[PDB]
Amino acid sequence: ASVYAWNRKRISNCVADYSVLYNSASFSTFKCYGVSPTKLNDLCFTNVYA
Amino acid sequence: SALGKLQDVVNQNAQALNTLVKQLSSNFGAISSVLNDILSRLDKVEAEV
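Chains as they are written, first to last, in the authors' numbering: chain C, 348 to 397; chain A, 943 to 991.
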């Protein structure tokens, strides 16, 4: 998206592997707040909004 | 109503303990009041603070 018209994608009712994300050296930046990326795989969430 | 001098000793210990126990719910500037949340959300280098 254009940044004032920013996109939001709802994620719900599914399983994921965040190591597929944090291992991906293509990301020129990767940071986390209130959670550690290496600890994401033990969690579950209400929904997620990307 | 005559037994106030004894009842007060039970009441003051309950007021102290049900404050000491309830302070486990306080955040103190951390990410959660419950310790297992931090340990299950953060790696130890972030968790130690």
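All C-beta atoms, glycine included, are put in the ideal place defined by N, C-alpha and C.
Proximity of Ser967 of chain A to chain C, defined by a Cβ-Cβ separation below 8 Å, is not satisfied. With respect to chain A, the C-beta atom of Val367 of chain C has no partner C-beta closer than 8 Å. Per DSSP, the unbroken alpha helix (DSSP H) holding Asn953 of chain A starts and ends at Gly946 to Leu962. CA-to-CA, the gap between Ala397 of chain C and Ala989 of chain A works out to about 25 Å. With at least 16 other beta carbons inside 10 angstroms of its own, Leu984 of chain A counts as buried. Its chain contains no residue whose beta carbon lies nearer than 7 Å to that of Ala958 of chain A once the 5 sequence neighbours on both sides are disregarded. Here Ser359 of chain C is near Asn394 of chain C, since their CB atoms are less than 8 Å apart.
At a beta-carbon threshold of 7 Å, the residues of chain A lying near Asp389 of chain C are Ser982, ordered along the chain.
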